[PDB]
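The form deposited in one PDB entry is given below as one chain in C-alpha cells.
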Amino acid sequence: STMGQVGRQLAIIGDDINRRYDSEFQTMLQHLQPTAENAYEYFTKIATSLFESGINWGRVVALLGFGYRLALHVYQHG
C-alpha cells in the first residue's frame, strides 16, 4: 500500500537524478579519459578531493553513480 507509493515516488526522483546528471557524468568521463590501469587511482583520488570539502549522503551517492559510469566507460573503451 504505502510501500508501493513510496517506491513510485522514488522512481520519479531516481529518473530525475538520472535525467539531470547522466550526460554530464559521461561528458566528465570523456574528458577525464580513465583506463583500467588508472581507474582505481582516478576513483580514489577523485573521492579524496570530493570528501575533503565535506561528506553527506548526496556526495556519497553522487560518487557511486559517477563510479558506475566510470566502470562502463572503461569497459566501453576496452
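Only residues modelled in both forms are compared. Here the rigid core means the biggest group of C-alpha atoms that line up within 1.5 Å when the two forms are laid on top of each other. The numbering used is simple: start at 1 and walk along the sequence shown.
- Between 62-70 and 16-24, it is 16-24 that carries the larger average Cα temperature factor according to the deposited entry.
- Annotation for 27-35 versus 42-50: the higher mean temperature factor (C-alpha) is found in 27-35.
Same protein, other form: the form deposited in another entry, not shown, and the subject of what follows.
- The Cα shift for residue 38 between this form and the one not shown, taken after rigid core superposition, is smaller than 2 angstroms.
- Once the rigid core is used as the reference frame, the Cα position of residue 49 differs between this form and the one not shown by less than 2 Å.
- Between the C-alpha atoms of residue 47 and residue 34, a gap widened by no less than 3 Å is obtained in the other form, as opposed to the form on display.
- Annotation: residue 52/residue 27 CA-CA distance shorter in the other form than in the displayed model, change of at least 3 Å.
- Mapped along the sequence, displacements between this form and the one not shown of 2 angstroms or more at every C-alpha, sustained over at least 3 residues after core alignment, occur at 2-37, 75-78.
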